[PDB]
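**Student:** The structure under discussion is supplied below as structure tokens; questions concerning it will follow.
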Amino acid sequence: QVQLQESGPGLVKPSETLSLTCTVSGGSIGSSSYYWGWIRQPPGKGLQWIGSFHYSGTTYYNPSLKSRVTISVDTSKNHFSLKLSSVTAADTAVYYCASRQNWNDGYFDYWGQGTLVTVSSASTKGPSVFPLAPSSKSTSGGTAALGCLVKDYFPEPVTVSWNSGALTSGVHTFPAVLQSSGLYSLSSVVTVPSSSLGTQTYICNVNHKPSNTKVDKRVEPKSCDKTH
Amino acid sequence: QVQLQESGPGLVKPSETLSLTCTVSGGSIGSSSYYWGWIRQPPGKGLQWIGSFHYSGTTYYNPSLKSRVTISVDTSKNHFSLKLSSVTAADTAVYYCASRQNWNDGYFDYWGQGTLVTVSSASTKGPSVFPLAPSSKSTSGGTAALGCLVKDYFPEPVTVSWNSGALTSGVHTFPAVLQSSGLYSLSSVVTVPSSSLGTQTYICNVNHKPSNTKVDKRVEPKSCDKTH
Amino acid sequence: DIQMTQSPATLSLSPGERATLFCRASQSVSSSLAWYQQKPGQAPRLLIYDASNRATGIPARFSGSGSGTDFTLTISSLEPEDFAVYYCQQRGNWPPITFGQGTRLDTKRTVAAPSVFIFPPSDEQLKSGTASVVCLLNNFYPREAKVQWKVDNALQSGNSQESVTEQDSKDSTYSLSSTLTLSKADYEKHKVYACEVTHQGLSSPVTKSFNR
Amino acid sequence: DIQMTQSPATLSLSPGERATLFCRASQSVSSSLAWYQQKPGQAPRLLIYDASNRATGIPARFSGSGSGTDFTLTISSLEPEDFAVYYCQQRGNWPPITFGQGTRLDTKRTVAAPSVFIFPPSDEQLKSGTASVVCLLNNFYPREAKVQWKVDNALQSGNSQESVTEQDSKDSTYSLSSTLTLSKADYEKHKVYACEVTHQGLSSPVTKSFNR
């Protein structure tokens with residue numbers, strides 16, 4: 001009945017101000033007597049409350065975070081906004097704007113689509129591919145795992161396929177995990193029998209629109225097994 | 001009765017003019033018949049008298065400093081100022097502004113909170129974290145000391161903690177000292193039995209807000225000197 | 001401040017069978033407690049407020065009860081959208097608003113040993129002055145497993161990262177990834193590197209190693 | 001100019017028992033001195049002015065007297081918060097305004113031998129072209145001790161640094177760190193290193209040595 005839309009830059013650095021906006025459709029900012037509010041959820045963690053705006057003009061914030069956070073509203077284009085002065089890298093999280101239609105209390109009943117905001121790294125670095133080739137020393141009597149790792153790229157996600165996406169059965173991917181250097185790594189692997197290596201050549205296709213980078217990597221049996 | 005608040009640039013390169021301003025609250029600068037004055041104390045030494053301003057307008061200065069020190073007042077903004085041209089590295093000290101409300105004599109009975117002034121010319125370089133790991137050769141019957149050193153950093157202070165502050169028993173921190181390089185060296189060590197080294201993780205956390213640098217480092221015995 | 005916790009941290013009950021979660025408060029809150037349900041990737045949905053009250057659009061499966069410092073949430077039967085993360089929120093004294101750490105509902109699958117295998121570092125990472133060792137545990141239940149890194153019979157810890165995937169939509173198992181990053185000199189000086197896994201499906205802790 | 005000599009340099013007295021502090025002047029100043037008390041990290045607070053008159057807000061347990069060049073302060077009962085550095089100031093002929101070197105007020109437990117260790121340099125220091133040898137004394141009392149660095153029986157001077165901690169509030173001891181800083185090649189030039197310490201809690205000079 002009321003829809004909330006979130007908007008923000010997504011990518012910043014330490015020490016500037018994080019600006020977020022939640023707009024309201026199907027209603028008004030000056031709607032019935034109830035709260036508006038913002039909370040956050042760090043990736044892979046629980047939800048954390050930022051603050052709430054009461055319809056009478058009173059505002060509430062988390063006491064340990066109010067020193068840098070501020071909530072504002074505007075009726076003219078009908079939204080409310082969150083500002084966090086001097087954001088740090090630790091604030092990377094999926095942020096949600098929420099509401100409580102029925103009654104008036106600290107609970108929240110209406111929600112938008114919270115957006116992930118990151119504070120580290122740069123958007124211009126394109127991925128490189130780390131081949132994961134099986135070997136006879138790695139084969140346990142007919143079981144082999146091949147794959148490709150997407151490393152040194154930002155921002156995630158990056159689309160990874162095998163033979164232009166023709167190979168999807170047996171393909172397994174993992175959620176990307178941020179490294180201390182600010183880069184992500186994503187593994188796409190296939191579990192096969194050892195005999196399939198000599199019949200099909202595997203091509204890992206890594207495509208990244210934000211960096212405009214297309215990489216095709218050829219997976220081959222390990223070259224270290226030759227008699228050099 | 002009256003409160004005094006010192007200020008100043010804090011970080012001053014050699015040979016420029018150090019400028020400190022003491023503002024008086026709770027009364028006027030010429031409230032009564034008494035002295036104003038400036039006191040400085042180098043770290044680890046005694047206090048030094050730079051100069052004093054008598055309410056009649058006569059100003060006294062220390063003969064060893066009088067060629068460089070100028071003390072002035074201004075009732076328009078109700079504060080007085082101390083200027084020291086051609087500062088040196090030896091001028092790094094804690095400065096106080098003081099007065100003597102009761103009786104017109106050379107003592108001081110109202111003191112403001114001092115401010116630290118540093119003259120080194122170092123360019124606010126970030127911290128370097130060195131793991132002062134223990135060794136098994138120097139084991140004194142099962143008990144050994146492990147710590148971390150923060151070297152080649154600027155400015156004070158550097159925040160050093162253990163296990164995000166969880167480990168506090170037996171923890172000692174040493175005041176930083178200035179080397180003949182313009183950079184500091186600090187140590188933080190804890191002495192524990194060597195038996196718990198293999199089960200409890202020891203993390204030195206170093207935070208430097210001026211360089212926004214956070215370094216966590218794990219302390220374990222060096223493998224080249226382990227009991228293999 | 002007011003703090004409160006939940007119990008158990010992770011709960012494992014098969015679908016169609018009655019389930020119970022506890023929430024305990026450090027101080028009296030009368031009946032000012034609420035239960036929220038959250039699915040991964042989705043905004044949390046309020047389930048119970050003030051206890052014994054069902055919010056709008058909610059079936060009769062969930063039932064809250066309790067008071068004072070102790071509250072209980074009982075689901076008569078578990079259908080397979082009931083598996084999510086459950087939180088308790090208090091209005092006995094706020095602000096601050098205090099939430100629980102959250103509880104997870106599992107499916108009571110048969111316990112199975114992981115397939116533990118090791119990817120040693122390859123030359124592409126070794127040429128960069130570092131090394132990354134991978135320890136994969138495939139197709140195991142329950143998700144809980146203890147992963148250690150052992151080097152030359154000397155334990156390495158605190159410099160590796162772990163990840164647990166979502167419960168599989170096919171057979172309701174879990175897969176775990178362990179990544180150990182080491183420096184080039186430390187990698188050269190050491191010869192054997194092993195991943196040691198203790199799991200309920202394993203009769204003994206299993207060590208899988210590779211020699212430099 | 002006028003000189004101030006305070007005596008003794010460091011005092012060690014228990015709470016609740018009388019303390020006497022002496023100050024002597026190079027020139028007669030009649031009775032025109034003040035004595036101040038300063039705590040670590042805090043601005044000094046004046047205690048006595050004109051050598052007999054007590055300052056404002058000074059408990060009666062502090063008093064002072066003297067004449068000419070010889071002056072004393074008497075504290076009837078030490079409080080746990082009264083352990084701080086005490087300074088003598090003369091105004092008999094100023095400027096200059098001359099202050100004493102200060103005195104340290106310490107307390108029991110009685111003398112205890114330090115736990116002593118020596119640290120050879122770490123490898124990252126060694127590959128960086130520098131080297132440092134550390135000698136640590138822990139949990140010793142009182143603070144004064146004598147530290148010497150010998151390198152293959154060669155005379156050493158001006159190449160060492162020493163750092164002292166404050167009195168610990170619980171164990172009532174101090175911590176000593178002595179650093180010998182050399183270059184890498186200089187360190188490899190000699191082979192045997194030794195730290196020599198003399199303290200009142202040690203019946204004989206204690207020299208501990210290690211080998212490069």
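Chain labels run A, B, ... following the order of the structure tokens; each chain numbers its residues from 1, and ligands are numbered from 1 in the order shown.
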Considering only C-alpha atoms, give me a table of residues in segment 23-87 of chain D that are at most 10 Å from segment 40-44 of chain B, with the closest atom pair and distance in Å for each, as a Markdown table.
**Tutor:**
```
| residue | atom | partner | partner_atom | distance |
| --- | --- | --- | --- | --- |
| D:40 | CA | B:44 | CA | 9.4 |
| D:41 | CA | B:43 | CA | 9.7 |
| D:43 | CA | B:41 | CA | 9.6 |
```
**Student:** With chain A laid on chain B by least squares, using all C-alpha atoms in order, how large is the RMSD?
**Tutor:**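 That comparison of chain B with chain A gives 1.4 Å.
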**Student:** Counting only C-alpha atoms, give me one row per residue of segment 70-124 of chain D with an atom at most 10 Å from an atom of segment 167-186 of chain D, showing the shortest contact pair and its distance in Å to one decimal, sorted by chain then residue number, as JSON lines.
**Tutor:**
```
{"residue": "D:80", "atom": "CA", "partner": "D:169", "partner_atom": "CA", "distance": 10.0}
{"residue": "D:106", "atom": "CA", "partner": "D:167", "partner_atom": "CA", "distance": 7.9}
{"residue": "D:107", "atom": "CA", "partner": "D:172", "partner_atom": "CA", "distance": 7.5}
{"residue": "D:108", "atom": "CA", "partner": "D:172", "partner_atom": "CA", "distance": 6.6}
{"residue": "D:109", "atom": "CA", "partner": "D:172", "partner_atom": "CA", "distance": 6.1}
{"residue": "D:110", "atom": "CA", "partner": "D:172", "partner_atom": "CA", "distance": 8.7}
{"residue": "D:111", "atom": "CA", "partner": "D:173", "partner_atom": "CA", "distance": 8.9}
{"residue": "D:112", "atom": "CA", "partner": "D:173", "partner_atom": "CA", "distance": 8.2}
{"residue": "D:113", "atom": "CA", "partner": "D:173", "partner_atom": "CA", "distance": 9.9}
{"residue": "D:114", "atom": "CA", "partner": "D:175", "partner_atom": "CA", "distance": 8.5}
{"residue": "D:115", "atom": "CA", "partner": "D:175", "partner_atom": "CA", "distance": 9.6}
{"residue": "D:116", "atom": "CA", "partner": "D:176", "partner_atom": "CA", "distance": 9.4}
{"residue": "D:117", "atom": "CA", "partner": "D:177", "partner_atom": "CA", "distance": 10.0}
{"residue": "D:118", "atom": "CA", "partner": "D:178", "partner_atom": "CA", "distance": 9.4}
{"residue": "D:119", "atom": "CA", "partner": "D:179", "partner_atom": "CA", "distance": 9.6}
{"residue": "D:121", "atom": "CA", "partner": "D:181", "partner_atom": "CA", "distance": 9.7}
```
**Student:** Keeping only C-alpha atoms, write the selected residues as an mmCIF file, in the first residue's frame.
**Tutor:**
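out_28.cif written:
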```
data_model
loop_
_atom_site.group_PDB
_atom_site.id
_atom_site.type_symbol
_atom_site.label_atom_id
_atom_site.label_comp_id
_atom_site.auth_asym_id
_atom_site.auth_seq_id
_atom_site.Cartn_x
_atom_site.Cartn_y
_atom_site.Cartn_z
ATOM 1 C CA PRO D 80 47.120 7.441 48.912
ATOM 2 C CA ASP D 106 57.140 6.458 46.939
ATOM 3 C CA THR D 107 55.699 3.695 49.154
ATOM 4 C CA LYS D 108 56.097 0.024 50.088
ATOM 5 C CA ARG D 109 56.280 -3.062 49.429
ATOM 6 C CA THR D 110 59.997 -3.293 50.298
ATOM 7 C CA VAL D 111 62.907 -4.116 47.982
ATOM 8 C CA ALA D 112 62.405 -6.938 45.478
ATOM 9 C CA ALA D 113 64.805 -8.281 42.875
ATOM 10 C CA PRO D 114 63.884 -7.685 39.216
ATOM 11 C CA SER D 115 62.983 -10.452 36.818
ATOM 12 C CA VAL D 116 65.605 -9.906 34.130
ATOM 13 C CA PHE D 117 65.638 -10.885 30.446
ATOM 14 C CA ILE D 118 67.684 -10.100 27.333
ATOM 15 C CA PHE D 119 66.253 -9.964 23.786
ATOM 16 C CA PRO D 121 67.199 -8.681 17.540
#
```
**Student:** Would you compute the distance between atom CA of residue 105 of chain D and atom CA of residue 15 of chain D? Give it in Å to one decimal.
**Tutor:** 10.5 Å
**Student:** Define the interface residues of chain A facing chain C as those within 8 Å, counting only C-alpha atoms, and report them as a list in words.
**Tutor:**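 Therefore, the residues near the partner are residues 46, 49, 60, 62, 63, 106, 107, 108, 109, 111, 112, 113, 114, 130 and 174 of chain A.
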**Student:** Can you list, as a list in words, every protein, DNA or RNA residue that comes within 7 Å of segment 206-219 of chain A when you count only C-alpha atoms, leaving out same-chain residues fewer than 2 positions away?
**Tutor:**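 Returned residues: residues 124, 125, 126, 129, 131, 133, 155, 158, 159, 160, 161, 201, 202, 203 and 204 of chain A.
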**Student:** Residues of the last selection are to be written out with C-alpha atoms, as a PDB file, in the first residue's frame.
**Tutor:**
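Everything below was put into again33.pdb:
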```pdb
ATOM      1  CA  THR A 124      38.102   0.782 -11.883  1.00  0.00           C
ATOM      2  CA  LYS A 125      40.110  -2.431 -11.318  1.00  0.00           C
ATOM      3  CA  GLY A 126      39.357  -5.316 -13.669  1.00  0.00           C
ATOM      4  CA  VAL A 129      41.670 -15.281 -13.643  1.00  0.00           C
ATOM      5  CA  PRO A 131      43.196 -21.298 -13.136  1.00  0.00           C
ATOM      6  CA  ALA A 133      43.664 -27.323 -12.818  1.00  0.00           C
ATOM      7  CA  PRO A 155      33.081  -3.881  -7.709  1.00  0.00           C
ATOM      8  CA  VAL A 158      31.150 -10.396 -11.764  1.00  0.00           C
ATOM      9  CA  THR A 159      29.495 -12.882 -14.102  1.00  0.00           C
ATOM     10  CA  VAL A 160      31.393 -16.159 -14.515  1.00  0.00           C
ATOM     11  CA  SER A 161      30.438 -18.835 -17.042  1.00  0.00           C
ATOM     12  CA  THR A 201      38.563 -28.087 -23.111  1.00  0.00           C
ATOM     13  CA  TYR A 202      37.145 -25.790 -20.425  1.00  0.00           C
ATOM     14  CA  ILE A 203      36.929 -22.025 -20.952  1.00  0.00           C
ATOM     15  CA  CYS A 204      36.189 -19.780 -17.974  1.00  0.00           C
TER      16      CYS A 204
END
```
**Student:** Can you measure atom CA of residue 21 of chain C to atom CA of residue 63 of chain C for me? One decimal in Å is fine.
**Tutor:**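 If I compute the distance from atom CA of residue 21 of chain C to atom CA of residue 63 of chain C, I get 10.6 Å.
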**Student:** Using DSSP on the backbone coordinates, identify all residues within segment 76-224 of chain B classified as strand (DSSP E); present the result as an NGL selection string.
**Tutor:** :B and (79-84 or 93-99 or 110-111 or 115-117 or 128-132 or 143-151 or 159-162 or 171-178 or 184-193 or 203-208 or 213-218)
**Student:** Select residues of chain A: the criterion is any atom within 12 Å of an atom of chain B, counting only C-alpha atoms; output as a list in words.
**Tutor:**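 Output check: residues 13, 14, 15, 86, 87, 88, 89, 90 and 180 of chain A.
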**Student:** Atoms to include: N, CA, C and O atoms. Write the selected residues as a compact mmCIF listing (two decimals), in the first residue's frame.
**Tutor:**
```txt
# COMPACT_ATOMS: atom_id res chain seq x y z
N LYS A 13 34.71 6.65 0.21
CA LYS A 13 35.92 6.41 0.97
C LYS A 13 35.73 6.84 2.42
O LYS A 13 34.73 7.47 2.76
N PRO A 14 36.65 6.45 3.31
CA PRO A 14 36.63 6.99 4.66
C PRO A 14 36.55 8.51 4.68
O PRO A 14 36.98 9.19 3.75
N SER A 15 35.98 9.04 5.76
CA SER A 15 36.03 10.44 6.21
C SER A 15 35.10 11.39 5.46
O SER A 15 35.07 12.58 5.82
N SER A 86 31.57 12.00 8.02
CA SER A 86 32.85 11.31 8.20
C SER A 86 32.65 9.81 8.36
O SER A 86 32.95 9.22 9.40
N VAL A 87 32.13 9.18 7.31
CA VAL A 87 31.91 7.74 7.33
C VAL A 87 33.25 7.02 7.35
O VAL A 87 34.26 7.53 6.85
N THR A 88 33.27 5.83 7.95
CA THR A 88 34.46 5.00 8.01
C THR A 88 34.22 3.73 7.20
O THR A 88 33.11 3.43 6.78
N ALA A 89 35.31 2.97 6.99
CA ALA A 89 35.22 1.75 6.20
C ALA A 89 34.36 0.69 6.88
O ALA A 89 33.81 -0.19 6.21
N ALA A 90 34.24 0.76 8.21
CA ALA A 90 33.48 -0.23 8.96
C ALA A 90 31.97 -0.12 8.76
O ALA A 90 31.24 -1.01 9.21
N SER A 180 41.61 -7.83 2.66
CA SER A 180 42.15 -6.66 3.33
C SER A 180 42.66 -5.61 2.34
O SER A 180 42.72 -4.43 2.69
```
**Student:** Do you know which residues are at most 8 Å from residue 118 of chain B counting only C-alpha atoms, after dropping those on the same chain fewer than 4 positions away, and could you put them as a short mmCIF file (atom, residue, chain, number, x, y, z; two decimals) with N, CA and C atoms, in the first residue's frame?
**Tutor:**
```cif
data_model
loop_
_atom_site.label_atom_id
_atom_site.label_comp_id
_atom_site.auth_asym_id
_atom_site.auth_seq_id
_atom_site.Cartn_x
_atom_site.Cartn_y
_atom_site.Cartn_z
N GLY B 10 50.04 23.38 17.82
CA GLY B 10 50.47 22.07 18.25
C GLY B 10 51.66 21.54 17.48
N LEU B 11 51.53 21.45 16.16
CA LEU B 11 52.59 20.96 15.29
C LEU B 11 53.22 22.14 14.57
N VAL B 12 54.49 22.41 14.87
CA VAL B 12 55.20 23.55 14.30
C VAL B 12 56.58 23.08 13.86
N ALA B 89 63.69 22.16 18.31
CA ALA B 89 63.15 20.88 18.76
C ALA B 89 63.07 20.80 20.28
N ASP B 91 61.96 23.02 22.23
CA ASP B 91 60.80 23.76 22.71
C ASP B 91 59.55 22.90 22.81
N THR B 92 59.61 21.64 22.38
CA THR B 92 58.47 20.74 22.52
C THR B 92 58.19 20.50 24.00
N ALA B 93 57.02 20.93 24.46
CA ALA B 93 56.72 20.90 25.89
C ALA B 93 55.23 21.13 26.10
#
```
**Student:** I need the helix (DSSP H, G or I) residues of chain C per DSSP on the backbone, written as a VMD selection string.
**Tutor:** chain C and resid 123 to 126 184 to 189
**Student:** Please, could you write that set of residues out with N, CA, C and O atoms as a PDB file, in the first residue's frame?
**Tutor:**
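So out.pdb came out as:
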```pdb
ATOM      1  N   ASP C 123      51.384 -21.571  -8.704  1.00  0.00           N
ATOM      2  CA  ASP C 123      52.483 -20.661  -9.014  1.00  0.00           C
ATOM      3  C   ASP C 123      51.995 -19.245  -9.294  1.00  0.00           C
ATOM      4  O   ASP C 123      52.739 -18.282  -9.075  1.00  0.00           O
ATOM      5  N   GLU C 124      50.757 -19.096  -9.774  1.00  0.00           N
ATOM      6  CA  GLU C 124      50.224 -17.767 -10.056  1.00  0.00           C
ATOM      7  C   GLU C 124      50.166 -16.890  -8.812  1.00  0.00           C
ATOM      8  O   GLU C 124      50.357 -15.674  -8.920  1.00  0.00           O
ATOM      9  N   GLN C 125      49.908 -17.473  -7.643  1.00  0.00           N
ATOM     10  CA  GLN C 125      49.947 -16.718  -6.396  1.00  0.00           C
ATOM     11  C   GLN C 125      51.337 -16.714  -5.775  1.00  0.00           C
ATOM     12  O   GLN C 125      51.714 -15.744  -5.108  1.00  0.00           O
ATOM     13  N   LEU C 126      52.110 -17.784  -5.984  1.00  0.00           N
ATOM     14  CA  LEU C 126      53.453 -17.855  -5.418  1.00  0.00           C
ATOM     15  C   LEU C 126      54.379 -16.807  -6.022  1.00  0.00           C
ATOM     16  O   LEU C 126      55.250 -16.278  -5.324  1.00  0.00           O
ATOM     17  N   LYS C 184      55.526 -15.563   1.484  1.00  0.00           N
ATOM     18  CA  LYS C 184      56.364 -16.399   0.631  1.00  0.00           C
ATOM     19  C   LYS C 184      57.504 -17.036   1.418  1.00  0.00           C
ATOM     20  O   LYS C 184      57.807 -18.220   1.233  1.00  0.00           O
ATOM     21  N   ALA C 185      58.156 -16.265   2.293  1.00  0.00           N
ATOM     22  CA  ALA C 185      59.245 -16.820   3.093  1.00  0.00           C
ATOM     23  C   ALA C 185      58.746 -17.894   4.049  1.00  0.00           C
ATOM     24  O   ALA C 185      59.375 -18.952   4.182  1.00  0.00           O
ATOM     25  N   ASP C 186      57.618 -17.643   4.718  1.00  0.00           N
ATOM     26  CA  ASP C 186      57.039 -18.648   5.602  1.00  0.00           C
ATOM     27  C   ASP C 186      56.626 -19.887   4.820  1.00  0.00           C
ATOM     28  O   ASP C 186      56.756 -21.013   5.312  1.00  0.00           O
ATOM     29  N   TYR C 187      56.119 -19.699   3.600  1.00  0.00           N
ATOM     30  CA  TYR C 187      55.754 -20.841   2.770  1.00  0.00           C
ATOM     31  C   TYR C 187      56.980 -21.656   2.375  1.00  0.00           C
ATOM     32  O   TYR C 187      56.940 -22.891   2.387  1.00  0.00           O
ATOM     33  N   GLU C 188      58.078 -20.984   2.019  1.00  0.00           N
ATOM     34  CA  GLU C 188      59.286 -21.700   1.624  1.00  0.00           C
ATOM     35  C   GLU C 188      59.891 -22.454   2.799  1.00  0.00           C
ATOM     36  O   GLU C 188      60.302 -23.612   2.656  1.00  0.00           O
ATOM     37  N   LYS C 189      59.955 -21.813   3.967  1.00  0.00           N
ATOM     38  CA  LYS C 189      60.628 -22.418   5.111  1.00  0.00           C
ATOM     39  C   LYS C 189      59.892 -23.659   5.606  1.00  0.00           C
ATOM     40  O   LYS C 189      60.521 -24.605   6.095  1.00  0.00           O
TER      41      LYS C 189
END
```
**Student:** Please compute the atom CA of residue 76 of chain D-atom CA of residue 19 of chain D distance, one decimal, in Å.
**Tutor:** 6.8 Å
